[PDB]
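Below: one structure, written as structure tokens.
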Amino acid sequence: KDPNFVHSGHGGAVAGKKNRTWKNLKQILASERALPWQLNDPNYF
DNA sequence: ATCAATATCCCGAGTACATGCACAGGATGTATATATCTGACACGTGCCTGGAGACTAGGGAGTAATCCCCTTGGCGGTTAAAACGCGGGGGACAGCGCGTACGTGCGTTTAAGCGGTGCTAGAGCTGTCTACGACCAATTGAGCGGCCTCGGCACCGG
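First residue of the first sequence: 120, per PDB author numbering; consecutive thereafter.
Okay, here's the thing in structure tokens:
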């Protein structure tokens with residue numbers, strides 16, 4: 120009745136006390152900024 | 001130096017809502033054991049508070065003259081009090097509903113720990129240099145003086 124019954128978490132807050140859904144968008148962009156983007160490389164910034 | 005007219009207190013009776021006690025229970029006070037650092041105790045230290053001396057003089061203690069504010073007494077005008085009647089709004093009972101407190105679930109946010117390092121503090125002697133003492137020349141103001149003009153009374157004229 121469902122595609123899968125063995126669905127696994129992708130970094131939720133079941134263990135810790137962080138946000139249950141996912142990281143905040145500001146945090147997502149802050150983490151993505153750490154990538155060694157090239158000088159002419161496109162990004163979300 | 002008393003008697004009427006009120007007002008108040010005392011006592012008795014019908015009455016009722018709030019005090020005081022028992023019940024079920026639940027959640028906070030208690031007993032036991034562990035970790036640990038805050039504060040008692042000792043030590044030296046050196047800042048500074050307490051004691052006395054002598055000299056200067058600003059300030060206080062004592063006296064005398066006196067004009068002024070304080071206080072008592074007296075009187076006129078009136079603003080409030082006491083009590084009457086008139087009039088309105090405070091006061092005593094039922095129906096809604098929207099606020100306030102629990103209950104439940106979530107995540108953002110401060111505490112804690114550990115290096116890192118400019119950063120506020122203290123004594124250093126630093127040097128300027130405003131600001132406290134002393135002297136001196138500006139205006140402001142009141143207490144006086146000189147002189148002139150006006151007005152009332154005594155003397156002579158008709």
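The beta carbon of each residue, even a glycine, is placed where N, CA and C say it ideally should be.
Counted as a single uninterrupted DSSP element, the alpha helix (DSSP H) harbouring residue 149 occupies residues 144-151. Apart from sequence neighbours up to five positions away, the residues of its chain that approach residue 156 with a beta-carbon distance below 8 Å are 162, ordered along the chain. Within its own chain, the residues whose Cβ lies closer than 8 Å to the Cβ of residue 164, once the five positions on either side in sequence are excluded, are 148, 152, listed in chain order. The shortest CA-to-CA distance from residue 131 to any of 158, 142, 123 is the one to 142.
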